[PDB]
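# Structure at a glance
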Amino acid sequence: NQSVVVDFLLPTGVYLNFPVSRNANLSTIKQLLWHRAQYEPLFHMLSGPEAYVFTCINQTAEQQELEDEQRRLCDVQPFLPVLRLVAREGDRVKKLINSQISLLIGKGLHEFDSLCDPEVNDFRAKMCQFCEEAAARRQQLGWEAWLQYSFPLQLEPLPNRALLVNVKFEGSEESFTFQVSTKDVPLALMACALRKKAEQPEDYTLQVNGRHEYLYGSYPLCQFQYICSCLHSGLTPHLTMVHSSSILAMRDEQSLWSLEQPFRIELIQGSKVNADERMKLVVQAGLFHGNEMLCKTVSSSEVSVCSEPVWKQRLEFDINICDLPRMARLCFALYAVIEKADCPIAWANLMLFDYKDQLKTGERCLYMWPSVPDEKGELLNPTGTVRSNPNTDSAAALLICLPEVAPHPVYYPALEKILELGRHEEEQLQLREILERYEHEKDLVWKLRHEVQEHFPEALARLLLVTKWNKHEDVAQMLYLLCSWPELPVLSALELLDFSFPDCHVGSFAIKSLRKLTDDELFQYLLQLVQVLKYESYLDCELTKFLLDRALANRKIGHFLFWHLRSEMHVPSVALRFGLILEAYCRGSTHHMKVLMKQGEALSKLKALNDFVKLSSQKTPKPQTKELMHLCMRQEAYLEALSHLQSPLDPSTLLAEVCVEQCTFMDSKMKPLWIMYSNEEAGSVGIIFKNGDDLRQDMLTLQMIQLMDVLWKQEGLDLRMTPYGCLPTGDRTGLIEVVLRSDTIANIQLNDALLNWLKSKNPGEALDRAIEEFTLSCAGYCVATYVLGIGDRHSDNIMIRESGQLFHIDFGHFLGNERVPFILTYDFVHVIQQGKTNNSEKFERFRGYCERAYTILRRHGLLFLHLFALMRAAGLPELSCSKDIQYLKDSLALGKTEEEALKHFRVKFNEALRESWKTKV
Amino acid sequence: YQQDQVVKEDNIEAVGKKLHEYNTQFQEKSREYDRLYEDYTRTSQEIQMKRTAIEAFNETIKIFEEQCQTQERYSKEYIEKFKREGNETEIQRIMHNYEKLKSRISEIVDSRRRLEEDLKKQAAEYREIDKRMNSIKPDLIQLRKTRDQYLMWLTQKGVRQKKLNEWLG
Ligand SMILES: Cc1nc(-c2cn3c(n2)-c2ccc(-c4cnn(C(C)(C)C(N)=O)c4)cc2OCC3)n(C(C)C)n1
């Protein structure tokens, strides 16, 4: 049914209850409300409708003042159909923003309040001010700078040829075409176009019409992606001149070390424990700093299984209180065991010091997380999150009590007091050897720790892992060095963000070395930096500050920061931490917050649309389902929601108008929607909304192919790759970019055959380009897939462009999940050789490409290891341990020398060429 | 003079046959666990949804409670000022309108009541899932450990990878 019985509460106490349409906007509902109110009592005392604002409880259980009344009721989605009239009162901006933030992040801000946590509250306080400060600061800045914030340049990482370009102005039918070289600076192009018949060109910027992409700054024409892209294909670029004042329009947005007592704890009780009555429950506890232990792990007695087991045991550890480091981590695991007259149930971690540097005391109820049996069946789970389980009413829990160490509370000493204690060849050969490539070796490194600082600055990580963090004297001495350690390259800092290095002083040094990062480079690692937040102990940290810093300085960064965080708000273990960051970003980015909302609603309608299509496919055939899919899209609320928004996959892309006849789905496993767009200002973009399946694995893969493409492009090797967009947006929900003019190899063969297909798409002269496009790309993807260990390759998951470019999709299995061999396909080799039996001149070039490609990836081998090492945080099944990282080590052959590497690669290559013929028969 | 008795069978085929049995049993239990773990996560997501839905019922009711408070304060003088200058109509319309508001609250309280019954019932399930997962773990871990011991035993005896694979996959 189309209508809803809505309850209306008037501010005279009077109550009305009449039906309205779900499609009706709030402004219309008010008119109808006032017409009905006439004939109800106390109407003479109301003001006009403009004096009042509707209020409702939205889907996040929060009150929302509905200030925009052009919005439809079905779009508001109140919990129950209940609207209350209230005064158009007070600071409506703050209230309106908080409501929109709650809806946007998919967590009500009140839930943060509900926790009654100082840490949460201090974070929200500090960061929201910090982000609001940046926002206000940003506003004052000029159009040039604001353009660089809003729409930062997209450049390629070199000949001097000449091809024409179309330039026009805003709100004008007439457009000018004229000649221009590849190596011109954009200022010169504007100056030329500005000669309209016979203003000044410095008060202008060139826009790529149809998309939010601008051309400006001290850079040549060909370094821009749009120009580079069009010049490769040969097409005329279509730019548009935009005035400086027109940009200002967009800009409109508004004591411990004395305590030599051994450390101990009181294990009181368990709660809501679900287990076999025959077994008996035990709790094992252990202290940790990072991965490594601080002392031996104690245990409890065998108490019999029940929901509410009681222990009341003084668990005393083999370590003093003064010995405990800053990031000391008490770690519980509850086990069900046989009496003996094992099953890990759950686990819980706990920081011994709190966020204000205070050693915790008194009762803590730790809400445990369930243990999942993995291959490495460890006693405890020290890598697991410190954050409590949010399922507090139903989840199991452990009640403990840290005893009172002293009458007055104790804090961990300040930097000044750490530096106080910190101040207090045959060795040169032995040390070098160890660091040039272990209980004996650790003590050597430790003794010579000052020589490491002076002569082996990059070996800082090693020195930290050799430090005895259980001894507090040692910890002082190591920090002393660290606070005057020389600044390391980005590559070293990336290693230092890993869970092995939990100390705040390490992380701070890590971030300090990462500030030299450019936005292009930072973006290349953004996914990894987000995952590392899951290792963080406290909410307020350097890494959050840094990510927010850069997200406010660059809108593209902000965009993908938002989506990475948003897409895991379903995950209990990060929902809180991520929720507070999303809030902070939104407060510092009120403008972009409007764009992200519009996207979220598109994604919400799509889910609902996909659910319908899933259900209909089982009932009815495809044609009727496709027809009924369009009907749902034709609806006013749907069409407007899906139309006119920046693409989540790329915010510079405009998804203007949905082509409903061109929209459909795909018979595939989770029936992904195929949505097609077009814009009359440009320019025919397509997306795939996939829901039910996880897209995180693909994104990572594509990220790494993109990085390879950059690494190769930096050596002057464009291998014509296609690192298409892929972005997880929610729980088992994402968008995939549709690459226009492309099909799978299976389909092209289903219609020898691959070669003929290229003839029809590249007649005469073009065909020579198409082969080169194929070869260059076939090389890059041959290497990429070998390195990353991407198995399961076949005709359905390899596609080819009409341009000639080959590319892979659906990277579900990777890192050999046994070694994937190197793979040359006869059908590809046949194209590479231009149809010939033997064309060794051409095949040698292709061999050269593969070698040069692979060589270059080894030169940046540690970059790949380090990044993957951080992605172990993401909890992907196929990337969860050292073995998965070892795959890359062996596939890039980093242990072997560069000469040894190439000889082995050739042997593999040759056997791939041998195997190519056998497979075909 | 070193011992560790673990493997039951003692010949390369009989052990490899047992490796095929234990691997199949491992993978089937893993599927049982993973299948329940979807139920756990889904039920956890659903239970939280029900919990915020209850907070929504609270915050709605709270709005109706505020409406009643207002109705009572606001209406006092009007009913008295219409008693004198005898408009008995306007008094009865107000009170009936108020009685209609009070009547609507009781429906929302019933609707809240039902959702609390669901969350109570689904909390019982959540625990039942978690109980079943914890009875499966020891078997699942024993099957992983056994499987690996047989693999190691056959690897020691020098059995080729080809023979190991056809027993596993
Ligand atoms: C995990 C995953 N990844 C993908 C995936 C990733 N891509 C595509 N699918 C993809 C699919 C079709 C197209 C395409 C373009 N034109 N045409 C047609 C109509 C044939 C044409 N030539 O007239 C098809 C382009 C594509 O873009 C590349 C990236 N899928 C899917 C299995 C759901 N699943």
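### Remarks on the overall build of chain B
Within chain B one finds three helices and zero strands. Reading chain B from its N terminus to its C terminus gives the helix and strand order α-α-α. Along the first, second and third principal axes, the C-alpha set of chain B runs to 110 × 35 × 20 Å. Counting contacts in chain B only where the partners sit at least 6 residues apart, residues at least 24 apart contribute 85% of the total.

### Looking at the overall build of chain A
On a plain count of helices and strands, chain A comes out with 34 helices and 32 strands. For chain A, the C-alpha radius of gyration of 31 Å lies close to 29 Å, the compact-globule estimate for 921 residues. Its C-alpha atoms put chain A at 95 × 85 × 60 Å along the principal axes.

### Considering the interface of chain B and chain A
Between chain B and chain A, the contact holds 39 residues from the first and 48 residues from the second. Only α1 (12-83) and α2 (88-157) of chain B provide two or more residues apiece to the side of chain B that touches chain A. Looking at the side of chain B that touches chain A, the element that brings in the most residues is α1 of chain B, giving 21 residues. Among the residues making up the side of chain B that touches chain A, the classes are represented as 18 nonpolar, eight polar and 13 charged.

### Some points on the domain arrangement of chain A
Residue and element names in this part refer to chain A. In terms of domains, chain A is made up of domain 1 (262-402), domain 2 (415-592) and domain 3 (700-920). Each of domain 1 and domain 2 has a C-alpha centre, and these two points are 27 Å apart. Contact residues are listed per partner, giving 22 residues for domain 1 and 15 residues for domain 2.

### Section: the sheet that holds strand β19 (residues 362-367) of chain A
Residue and element names in this part refer to chain A. Strand order in the open sheet formed by four strands is β16-β11-β21-β19, with antiparallel pairing between adjacent strands. Here the strands that pair on one side only, and so sit at the sheet edges, are β16 (310-320) and β19. Here the average twist between neighbouring strands, direction ignored, is 25°. Bridging between strand β11 (residues 262-271) and β16 involves six bridges; their strand directions are antiparallel. Bridged to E266 within β16 is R314.

### A short note on the pairing of strand β12 (residues 280-289) of chain A
Residue and element names in this part refer to chain A. In the sheet, β12 pairs with strand β17 (residues 329-337) via nine bridges, with the strands oriented antiparallel. Paired with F288 across the bridge in β17 is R329. Pairing of β12 with strand β15 (residues 303-304) involves two bridges; the strand directions are antiparallel. Across the sheet, the residue bridging to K280 is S304, located in β15. Inspection of the sheet shows β12 paired to strand β14 (residues 298-299) by two bridges, in the antiparallel sense. Counted as the bridge partner of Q284 is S299 from β14. Here β12 pairs with strand β13 (residues 292-293) via two bridges, running antiparallel. Opposite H289, over in β13, you have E292 as the bridge partner. Adjacent in sequence and paired antiparallel, β12 and β13 are bridged by two residues, among which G290 carries a positive phi angle near 75°.

### Here we look at the packing of aromatic side chains
Residues and elements named next belong to chain A. For the pair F8 and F18, a centre-to-centre distance of 4.5 Å together with 10° between the ring planes defines the contact as stacked. Here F18 lies in strand β2 (residues 15-21) and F8 lies in strand β1 (residues 3-9), a separation of ten residues in the sequence. Ring-pair connections join several aromatic residues into one group, and the members of that group are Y786, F822, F843, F846, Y854, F905 and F909. The ring of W446 is capped by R449, whose NZ or CZ atom sits 4.5 Å from the centre of that ring. Geometry around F523 places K556 over its ring, the cationic atom sitting 4.0 Å from the centre.

### Thoughts on the environment of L642 of chain A
All names here are of chain A. Position of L642 relative to the elements: it lies in helix α25 (residues 636-642). Remark: the alpha-carbon pair of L642 and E657, spanning 15 residues in sequence, is separated by 8.2 Å. With residues near it in sequence (within four places) discarded, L642 still touches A602, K605, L606, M633, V658 and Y677.

### Notes on the sheet that holds strand β5 (residues 82-87) of chain A
Taken in spatial order, the five strands line up as β2-β1-β5-β3-β4 (chain A) in an open sheet, and their pairing is mixed. Of all the strands in the sheet, just β2 and β4 (63-65) of chain A have a single pairing partner and so form its edges. For this sheet, the mean angle separating the axes of adjacent strands, direction not counted, is 30°. Bridge analysis of strand β3 (residues 52-57) of chain A against β4 of chain A gives three bridges, and the strand direction is antiparallel. Note that in β4 of chain A the partner of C56 of chain A across the bridge is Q64 of chain A. Relative to β2 of chain A, helix α1 (residues 26-37) of chain A is tilted by about 135°, and along the sheet it contacts β1, β2, β3 and β5 of chain A. Along the sheet, α2 of chain B contacts β1 and β2 of chain A; its crossing angle with β2 of chain A, the most-contacted strand, is approximately 65°.

Conventions and cut-offs
Every chain's residues are listed with numbers counted from 1 in the order the sequence is written; these need not match the entry, and residues without coordinates are not shown. Chains carry letters and ligands carry numbers; both start at the beginning, A for chains and 1 for ligands, and go up in the order they are written. Side-chain measures were taken over the full set of non-hydrogen atoms in the model, leaving aside hydrogen atoms and water. Residues with missing side-chain atoms are left out of burial classes, side-chain pairs and their counts. Going along the chain from the N terminus, every DSSP run of H or I of four or more residues is numbered as a helix, and every run of E of two or more is numbered as a strand. Whether two residues touch is decided by their heavy atoms; if any such pair falls within 4.5 Å, the residues are in contact. Here the globule rule reads 2.2 Å times residues to the power 0.38, and the radius of gyration is calculated from C-alpha atoms. When residue character is reported, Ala, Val, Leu, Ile, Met, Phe, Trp, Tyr, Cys and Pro are called nonpolar, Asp, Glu, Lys and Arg charged, and the others, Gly included, polar. An automatic or database domain assignment supplies the residue ranges for each domain. Two strands are said to pair when DSSP picks up at least two bridges between them. Helix axes use the C-alpha atoms of the stretch in contact, all axes being lines fitted to C-alpha atoms, and the angles between their N-to-C directions lie in the range 0 to 180 degrees. Aromatic rings from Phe, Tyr and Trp, taking only the six-membered ring of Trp, are treated as a pair when their centres fall within 6.5 Å; an angle between ring planes under 30 degrees marks them as stacked, one over 60 as edge-to-face, and anything in between as tilted. Only when the NZ atom of a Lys or the CZ atom of an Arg is both within 6 Å of the ring centre and within 35 degrees of the ring normal do we say a charge sits over the ring.

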